[PDB]
Every structure is written in structure tokens, then in C-alpha cells.
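Comments concern the structure below.
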Amino acid sequence: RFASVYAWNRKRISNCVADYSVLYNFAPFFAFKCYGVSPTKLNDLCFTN
Amino acid sequence: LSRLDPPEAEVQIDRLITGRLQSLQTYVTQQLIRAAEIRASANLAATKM
Amino acid sequence: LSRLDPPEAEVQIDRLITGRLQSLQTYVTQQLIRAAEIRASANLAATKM
């Protein structure tokens, strides 16, 4: 289940290992655009939240 | 360099290079002006001596 | 102007215009400084004459 564009859902991710490879290697993601970050570099970065 | 990939980071690197080059050019221009001023002052001091 | 359409050639020529104008401006500023130096030297030469 996914929420409507209004009253959209919001989930906070913190204190965990982010394996963006399993996210990029998904087939149905026909559109994948990142701003200020390159998908190939996600696995080497760390964020505050 | 860490966040972006070379293709899209080239524009940002070029922007920063342009900014820093212009800053250094202005700095050296001011330095040349002050050097000419101090050269005139040194000529006056030598004449006075 | 050959291997690019005019719309993109506009933003690709912006760089050449600004860079060559900055180069000519730097040259003219250096020549102004040198001309001030030469004017001082010529004034000294006339006084000595």
C-alpha cells in the first residue's frame, strides 16, 4: 500500500547500514534521478539522516 | 568529487576554478598597484637620502 | 558553430566570449600599469634633461 500524493507517507531512516546497491539493482525502477549525489557514490557516503 | 560523478561534477569544478582564478587575478592586480605605489615611495625615499 | 545547434552554441560561446574578454582586459590593465611606470620614468628623464 502506498499513500496518496496528498497526506503523503514519511519514514525516518536512522542508525542503520544503507545498502544502496540492492536499491539500484532493482529492475522496475525505470526512473532514478539524484540531485547533489551520484547513485554510484551512495555506497561510499554517510549522512546525518 | 566524492559526491558527484566526473560528468556532472566537471561543471562545478569549472565554476570553482573560474571563481578562484578571478579572485587571484584581482589579488595580483591590487598587489601590482600597491607595488607601484611603494616603488614611487622608495624612489622618493632614495632621493631624500 | 558546425558540430552543435545554435541554441547550445550560444552557451558554448558565452564561455569563449567571457574568457577572451577577460584576457584582453587583463592585457589592458597590465599595459596601463606599465604605461604609468613609463610615464614616471619619462617625467624623471625630462627633469634630468
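Starting from a label point 7 Å past Cα on the Cβ side, list the distances from B:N43 to the same position in the other copies, nm, shortest first.
Listed shortest first, these distances are 0.7 nm.
Which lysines, if any, have their Cα less than 16 Å from the Cα of A:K41, not counting same-chain residues under 8 positions apart?
Output for A:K41: A:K33.
About its Cα centre, what dipole magnitude does the protein assembly as shown give when the only charges are +1 on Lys and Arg Cβ and -1 on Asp and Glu Cβ, stated in debye to the nearest 20?
Details: 18 positive and 12 negative charges, 121 e Å.
The calculation lands at about 580 debye.
Could you work out, residue by residue across C:10-17, how many beta carbons of other chains sit within 10 Å of that residue's beta carbon, and then give the average as an integer?
Neighbouring Cβ atoms belonging to other protein chains average 0 per residue here.
How crowded by other chains is A:29-40, given as the mean number of beta carbons from other chains within 10 Å of each beta carbon?
Mean shielding by partner chains, rounded to a whole number: 2.
Tell me which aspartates and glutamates have Cα within less than 19 Å of A:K11's Cα, excluding those fewer than 8 residues away on the same chain?
Within the straight-line cut-off, A:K11 pairs with A:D19.
Using only helices, what value at 222 nm comes out for the protein assembly as shown when you add -39,500 (n - 2.57) per DSSP H run of length 4 or more and divide by the total residues, to the nearest 500 deg cm²/dmol?
Here the helix-only value at 222 nm equals -22000 deg cm²/dmol.
Can you tell which of B:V11, A:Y6, B:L32 lies farthest toward the positive end of the dipole of the protein assembly as shown, using +1 and -1 charges on the Cβ of basic and acidic side chains (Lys, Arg; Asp, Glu)?
Result: B:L32.
Which ³J(HN,Hα) values in Hz, rounded to whole numbers, follow from the phi angles of segment B:18-26 under the Karplus curve 6.51 cos²θ - 1.76 cosθ + 1.60, where θ = phi - 60° and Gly and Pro get x?
Rounded to whole hertz, the list is 4, x, 5, 4, 5, 4, 5, 4, 4.
Are there trypsin sites (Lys or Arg not before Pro) in chain B that DSSP marks as loop and that have at most 16 other Cβ atoms within 10 Å, and which are they?
For trypsin sites (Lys or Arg not before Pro) across chain B that sit outside H, G, I, E and B with at most 16 neighbouring Cβ atoms in 10 Å, the list reads B:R3.
Computed from the coordinates by the stated procedures, all read-outs in this text should not be read as laboratory data. Methodologically, a virtual Cβ is constructed for each residue, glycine included, from the backbone with ideal geometry; neighbour enumeration extends over all protein chains shown.
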